[PDB]
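In what follows, chains are A, B, ... by sequence order, proteins preceding strands, each numbered from 1. Quick note: numbers below take in every heavy atom, side chains included, and nothing from hydrogens, waters or symmetry partners.
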Amino acid sequence: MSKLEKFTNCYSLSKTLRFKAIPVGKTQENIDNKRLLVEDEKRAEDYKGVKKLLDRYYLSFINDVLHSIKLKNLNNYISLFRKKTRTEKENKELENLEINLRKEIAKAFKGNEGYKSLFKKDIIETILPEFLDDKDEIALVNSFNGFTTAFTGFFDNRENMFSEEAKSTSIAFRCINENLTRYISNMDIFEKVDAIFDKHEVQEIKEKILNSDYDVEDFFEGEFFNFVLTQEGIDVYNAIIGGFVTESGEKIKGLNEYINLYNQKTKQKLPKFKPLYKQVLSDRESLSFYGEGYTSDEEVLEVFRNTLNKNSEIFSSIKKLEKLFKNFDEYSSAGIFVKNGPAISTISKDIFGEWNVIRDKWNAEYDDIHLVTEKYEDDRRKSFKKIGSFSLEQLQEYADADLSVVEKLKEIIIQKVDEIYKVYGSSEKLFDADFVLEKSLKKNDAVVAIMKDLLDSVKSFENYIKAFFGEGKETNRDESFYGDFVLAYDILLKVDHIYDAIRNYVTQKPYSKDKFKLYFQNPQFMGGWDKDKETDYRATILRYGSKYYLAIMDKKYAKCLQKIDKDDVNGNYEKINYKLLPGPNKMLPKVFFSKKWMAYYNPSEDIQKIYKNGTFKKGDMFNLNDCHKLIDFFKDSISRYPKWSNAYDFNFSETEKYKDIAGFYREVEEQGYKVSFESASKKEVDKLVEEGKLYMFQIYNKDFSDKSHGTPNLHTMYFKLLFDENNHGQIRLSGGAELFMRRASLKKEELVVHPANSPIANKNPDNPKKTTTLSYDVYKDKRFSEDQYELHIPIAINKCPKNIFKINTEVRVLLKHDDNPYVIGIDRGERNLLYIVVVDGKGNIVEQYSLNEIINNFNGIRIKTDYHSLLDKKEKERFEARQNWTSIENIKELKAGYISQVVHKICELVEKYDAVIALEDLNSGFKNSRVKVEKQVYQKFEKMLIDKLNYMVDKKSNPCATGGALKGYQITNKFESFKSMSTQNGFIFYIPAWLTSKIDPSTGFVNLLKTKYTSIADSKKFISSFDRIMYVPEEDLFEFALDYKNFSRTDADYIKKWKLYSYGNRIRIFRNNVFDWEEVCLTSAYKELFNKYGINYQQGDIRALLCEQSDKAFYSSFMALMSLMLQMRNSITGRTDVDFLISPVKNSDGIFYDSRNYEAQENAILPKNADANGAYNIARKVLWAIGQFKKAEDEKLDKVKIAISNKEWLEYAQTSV
RNA sequence: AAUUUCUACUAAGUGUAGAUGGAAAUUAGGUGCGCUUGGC
DNA sequence: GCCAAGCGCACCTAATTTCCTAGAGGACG
DNA sequence: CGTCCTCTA
Ligand SMILES: [Mg+2]
Ligand code: NA
C-alpha cells in the first residue's frame, strides 16, 4: 500500500455545482406570459432596499448599546497586555481577560429584551415600520410581509455581528482583538514620541479636531478607549493621527505627519501611529472636505468646453502668462524669485538638466569660504535650509557663459505652450457644438485621450509656472510682475478641481446588471428536496435517459405532480424521491417531545425528567444508563413514526453499546438519507408544461450535448454520481439550491464571428494542423449574447466520516516507517513563478523544472503555454490602463487558470511518488510586500493547492477506486483559514527558508562574511583575518584561505575552513540612479585594482602588503570585489538567459560548482540554476524533519520540531557530500 | 474561437484538456493619479 | 528624478464568517 | 380545518 491510501473519508465538506437551465417546451412562453422574471428582478432591487433599511435600524441598535458601555475588565487587561515579562500563566490570564471583554460586549447586545425579535419576522412586520418615518420606505418594507423567510440568511449575517467569539465578522472581535490592540500599541508609541510635539501643534489639533473638549494625550490613556467604540469616536481618533482637509483645501496635520517631519529633519526614524479600523456596519462620512464631482457624460462635456475652449477663462491666462514670460526683461531679475524647495529642484532640472545642480553649485560657493567632514555637510545643509528663496538674478550667477537662465526659461515656456497648441489641434472636433458622442465616456477611449492629453499639458504648464511664485514674503519682490502673475495663476489653479473630477468620473467602471434570483412567487422556493416538502418548495428533479430536468410547479398547482401515475405502456420520466433526516441530535427531541407527538406517546417522567435535566449529554452531569433508555425511547418512537420508519430501513446497533448519545445520533444521521426514482407518464407531465401548471428546465452543461465525446468535467461526474447506486452516502445532494436569471450582456450581431467554410488559423505553434475549417459559424463569447438561467446545486462530501484521526499525526507516523519517502520541493518566486524539484528519501534529485511554462500533450499534439509571459503582459496592460484612464482588466482569472495547471501537475507528482510537499515558511507579511508585483501567485497558489488536497480526485480513476470521485484523498486539513494554520498542513510542510538558495549544493558553502565597507581599520582587520591571500600562477586565480572562526558571527558554519577563489564572472547590481548591471571578471578585476595602487600581487602572501595601503578607495573597492566573489547567485533583471549559481569554493575533486554546467544537461544530478537549488534545499529541509520523526517514539511524533535551525542546516548540507 | 464558470485551445467538427464552493454579509489590502507639507 | 507622512478619487483583489433543513407551529380564510 | 409562511434546534 501507499501513504495516500490511508486518507479517505476523514472529514466532511460542502461544494456547489453549477449548471445552465434550458427551458423546455412552452416553459419559456408561459414564464413570459405570467411576467415572472420582471417580478423577480424588481424583487431583488426592493430586497436590497429593505436590507439597507434594516441596517439603519441595526446600526441605531448597535450605537445605543456601544455609546453606553463601560468596559469593566478593561484596566486589568491593558495593564497585563503591556507587561514585558509574562509567565505562561500570565499569558493565559490575558486570554481570559480578552475573552471576558468580548463577553461584555456580546451580552450588552444579547441581554436586550428585543434581541431575539431582531432576527424574526417581527423586525420587518412591526419594528422597522415603527422606527421609520417615510411613507415610501415603510411601504417598501410592508411589501415583504408574507416573504420574511427570504431574509433568513441575511438574519444570520447580522446575527454574526453579535457573537462573543474571536471571529472576523464580530463587533466584539473588531473592538477587542483589533482596535483595542492598536489603541494599546499607540499608547506606547505616544509615550515614546510624546515630546516631539510643541504647544502650538497640540493646540491646533485640540481646536480643529477635538472641538476644544479634550487634550490630545487623553486619547492615549486606557480609560478613554470607550470613546473609540463607535465610528464617531474612531473618526476623531484617526483624525488626531492623520489630520483632515478643510473646506478651503488646507491639510491640517496629524501626529503621524509631525512625526514624519521631525524624522526627515533630524534624519532619525521615530515610529508612527496606527489608525483604528472602522466599526462594523457604520455608514462612514469623512472628516475631510472633498468637492462635488460629476454625474453624467453631458455634464463632463459641458464643463470641459466652458472651462477649456479658446475664449475660456483658464486659457486666457495661459495666453497671459505666455506673453508675460515672453517679456521677462521689463522686470528686475532681483525681485522675481524661486522658493527654496521643490520649486528650486524643478527649475534646476528644467535649466541644468538635473534636480540637484543648483544645490551643488551653491555648495561649491559655500566651500569656497569655509575651507570634520560630517560636521561640515550638516552645517552646510542647515545654512542652505535657512534660505527661503532664490531670485532669478542670483540664479544667473550659476549659469555658464553659453547659458543665460532667462532666455532658457523663455524657450521652456514656449516649449510647453506649443505643446498645448498641438493638443488643441487634435481637439478641434470635440470643442464644436455639433459634435455628440457615438460612445459613452466610460467606454470611449478616443475621446478620453483627447481630453486627458489636453488636461495633462495644462497641468504640465501649471507646475512650471508655480515654481516662479517664490516664498512671496520677500521684500525686493517686483509687484509689477507678481500683480499680473498672481492674477493669471490663481485662475489657472481652477484646473486642479476639474482635472481631479474628470478623472474621478471618466475612470468609472460602466454599470453592468447582475444576475438575479428567481423565487417563482415562493419565499422558500426550492428550499430542499424531501418528498414530504415537494408542495412547500415546488421544485423537483426528473430524469429521462441521460438528461436531467428541474421541474417547478406553479403557485396555484402545488399538487400537480404528485398525483401523476405511471404510463406502463408509453414513456416515463423518472421522478426523484428524496428523503433526509437532518441533524438527528436536534430533530429527534423536537419531533418526539412535541405536542403533536406527546399526545400520541407519552414519555414517562423517567424519560421526561432526563431530557428536562440534561443528563443525556456527556459533560458535568452525565449518566450512561439514562441515555441508554432515552435511545430506546427514541428507537421505540421511530417505529411508531410513519414518515420515517418506512423511508429509511433502519439497522441500529444493540443499545447497550453506545457510550453517549452522539453514538446513536450518528447512526440515525448516516441512515437518514435515501434517494430513489419513481416512474411518471411523460405524456401527462409534458401536458402540464403545455398548460403552464409546470415549468421544466434541462439541467445542462456541454458534457450533456449530443456531440460530447471527451472526458467529462469533474463536476459532471459529481452530479451524476449523486444518483448512482454505487454512491452509498459519500456524496449527498443537499438543499439550498438556487436558480438565477443572467440577462444577455452582448448583442449577438456585435460578436466576433469566424464564418462557416473559411479556414481559421490555429494558434498552437506545435500543432502541425495549421488551419481548421468548419461548416458552421463560431462566435466569440456566444454564451453572454443570450439570456441564461443558471442553477446552483450544493452537495455534501463525506457527510459521515469513518476515518477520524489527527491528519498531521498520521502523516508523521507514516513518514517515520517509510523506508524511502519522496519530497516535492516548491520554490516560489517572480523570476520563476514556481520551481519544482522532486527528491527521493536520500535526497537524490529525481525531477526538476520551472513552471513558468506549462507543457501538456494530448492526441500526440504538444502544447506549451508561457503563463509567466501572459501574466507579465496582463500586469503591464493594467499598469498602462491606470495611467491612461483606459479599461483596467482582470488578472485573477488568468492566475487561477495558470494555478490550476500547476495544482494538477503537483497532484500527479503526489500520486506518482507518494510524496509530501515542502514549502518556505513565508510569513504573512512577506507575502503582502510582494503583492505590488501583480504577477504574484504565492497565496493564490496556496489556497487552490490546499483546496484541492481537501478532496483530491483523479477524475480518470474508477469512481469507487481510492482517489476516484467517491473516495477522494484528504491530505490537507479542512481549510478554515490562513489565520489558523501551523507549519504542517497534512502532506504540506513549511520549513525555514534561510540559505536554501544562496548555498553551494556541492559543498554546503555559504557566505557568512560581512563585507560592506565601513572604514580603513575595519578593512585592515578583515584582510588580516584571512589565513592567506595569494595569487596562484598555475591557475591564474587569487586564493583567499579563511577559517570562519576568525570572523564575526560565523558560528552556524560546520566545516569552518574554506579556500575561496576569484573564479569566473559575476553580475554586479547597482544604480547609476536606477538598477543597472555590469559583468565582472573577478581575477581580471583583482588585477586591475592591485595595479591601480602599485600592488605587487605576485609576492606570495599579500595580506600584510595590502594593509600598507592608506587610500580609503582601495579598501572600499577591495571589499566590493569580495562581496561580488561571495555573491553566488547572479542574474539580470527581467531576463531568462541569466540566473546562474556559481561557487567560489572547490569540491573534493577541485571543481567549482557552476549551475550552467547543469542547465545544459537534460537529466542533471545537481540543481540547474539558483531557483532549482532553492527548491532542492527546501525539500531537503523537510528530509531533515522526516529524519527527526524517525529519531522519535510514535507517541511523541506530534511534538517533534520540524524547523531546522540554521546551525543544523549548514552541518546537514556540509556533511551530505 | 464555442464553456455552469475559468484558463489554454480547435483537439478532427456545434466541440477538446485541465481546474471550478456557491450565496449572502462583513471587512481589509494593492496599484494608479491629484492635492498638502517635507526628505535626498 | 526619486522618496516620506497625510487627505481624496477610481480600479481590482481578497480574508473570514454563516447556511447548504424537515417538520412542528402559527396565522388565517 | 387547509393552506401558506415562520420558526426551531
Ligand atoms: Mg471534456
Ligand atoms: Na492609496
Side-chain angles (χ1 to χ4, degrees), chain A residues 14-20 120-121 146 148-149 153-154 156-158 160-161 167-169 242-245 249-251 253-254 256-257 259-261 264 272 277-278 280-281 286 288 290 293 341 349 354-356 496 499-500 503-504 507-508 523-524 527-528 530 532-533 536 580-583 586-587 590-591 594 596 701-702 705 707-708 710-711 714-715 734-736 738 752 754 760 762-764 772 774-776 778-780 782-783 790 792 794 796 856 858-859 861 863 865 878-879 882-883 888 890-894 896-898 900-901 903-904 928 931-932 934 977-979:
Chain A
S14 301
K15 282 185 189 297
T16 310
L17 317 185
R18 266 181 312 194
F19 293 92
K20 175 181 187 156
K120 318 201 298 168
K121 68 173 187 280
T148 64
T149 275
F154 180 73
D156 290 339
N157 301 118
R158 287 301 169 263
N160 287 337
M161 296 176 62
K167 277 167 169 173
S168 77
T169 47
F244 73 104
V245 181
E250 188 175 4
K251 179 54 180 66
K253 279 169 187 170
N256 271 12
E257 271 150 312
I259 287 171
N260 185 52
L261 279 164
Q264 292 191 138
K272 72 174 177 173
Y277 292 160
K278 90 189 284 297
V280 184
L281 211 67
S286 172
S288 306
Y290 194 74
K349 200 163 263 289
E354 307 179 297
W355 67 271
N356 53 275
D496 291 9
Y499 190 98
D500 270 353
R503 176 203 60 239
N504 291 341
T507 64
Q508 286 179 332
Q524 55 176 182
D530 196 283
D532 301 334
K533 292 283 267 165
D536 295 291
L580 169 62
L581 200 161
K586 325 203 293 171
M587 172 86 82
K590 121 156 175 271
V591 170
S594 70
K596 196 190 279 178
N701 64 43
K702 67 177 165 194
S705 161
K707 298 309 181 188
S708 190
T711 303
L714 170 61
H715 280 204
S734 315
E738 291 184 287
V752 184
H754 297 281
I760 321 174
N762 291 328
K763 291 323 234 88
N764 171 20
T772 285
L774 302 167
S775 37
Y776 52 89
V778 283
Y779 300 79
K780 193 170 204 315
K782 183 151 84 179
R783 65 206 175 271
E790 49 182 274
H792 296 206
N856 278 309
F858 189 85
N859 280 329
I861 302 181
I863 192 170
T865 309
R878 288 155 60 88
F879 175 56
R882 289 173 188 138
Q883 296 189 312
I888 310 170
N890 288 3
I891 199 164
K892 68 184 190 310
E893 291 77 15
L894 174 56
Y898 167 53
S900 67
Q901 302 284 338
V903 162
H904 177 64
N928 189 80
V931 146
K932 54 181 180 172
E934 286 191 288
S977 59
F978 287 111
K979 166 156 88 151

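For the pair A:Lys590 and D:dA9, the criterion of a side-chain N or O lying under 4.0 Å from OP1 or OP2 is not met. Side-chain nitrogen and oxygen atoms of A:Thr149 include at least one within less than 4.0 Å of the OP1 or OP2 phosphate oxygen of D:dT6. At the phosphate of C:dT18, OP1 or OP2 sits under 4.0 Å from a side-chain N or O atom of A:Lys167. For A:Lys20 and B:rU4, the shortest distance from a side-chain N or O to OP1 or OP2 is not below 4.0 Å. For A:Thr711 and B:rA17, the shortest distance from a side-chain N or O to OP1 or OP2 is below 4.0 Å. Taking side-chain N and O atoms only, A:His715 has a distance below 4.0 Å to OP1 or OP2 of B:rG21. For C:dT17, the OP1/OP2 oxygens have a side-chain nitrogen or oxygen of A:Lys979 closer than 4.0 Å.
Judged by Watson-Crick or G-U wobble contacts below 3.5 Å, the nucleotide C:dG26 has D:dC4 as its partner.
Under 3.5 Å, the side chain of A:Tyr776 and the base of B:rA2 form at least one donor-acceptor pair of N or O atoms. Side-chain atoms of A:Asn856 and base atoms of B:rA17 include no donor and acceptor less than 3.5 Å apart. With hydrogens and angles left out, the side chain of A:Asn859 and the base of B:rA11 share no donor-acceptor pair within 3.5 Å.
Base orientation of B:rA24: anti, since the glycosidic angle falls outside 90° of 0.
Neighbouring nucleotides D:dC5 and D:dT6 stack on each other, with six-membered ring centres less than 5.5 Å apart and ring planes inclined by less than 30°. Stacking of the bases of B:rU20 and B:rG21 is not indicated, since the six-membered rings fail the criterion of centres under 5.5 Å apart and planes under 30° apart.
Residue-to-nucleotide proximity on RNA chain B shows that, of A:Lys253 and A:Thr865, the 5′-proximal contact is made by A:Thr865. Heavy-atom distances to RNA chain B give each of A:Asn764 and A:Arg158 a nearest nucleotide, and the one nearer the 5′ end belongs to A:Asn764.
Listed by chain and number, the residues in a side chain to side chain donor-acceptor pair (under 3.5 Å) with A:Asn160 amount to none (sequence neighbours excluded). Take A:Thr148 and apply the side chain to side chain donor-acceptor pair (under 3.5 Å) test, not counting sequence neighbours, and it matches no residue.
Pucker check on C:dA24: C1'-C2'-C3'-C4' negative, sugar south.
For the P atoms, the distance from B:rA12 to B:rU3 is 15 Å, rounded to whole Å.
Here B:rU4 is the nucleotide among D:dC7, C:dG8, B:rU4 with the atom lying nearest to any side-chain atom of A:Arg18.
Pairing analysis of RNA chain B (Watson-Crick: purine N1 to pyrimidine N3 plus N6-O4 or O6-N4; G-U wobble: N1-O2 and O6-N3; both under 3.5 Å) yields stems of 3 or more pairs at B:5-9 with B:15-19, B:21-40 with C:1-20.
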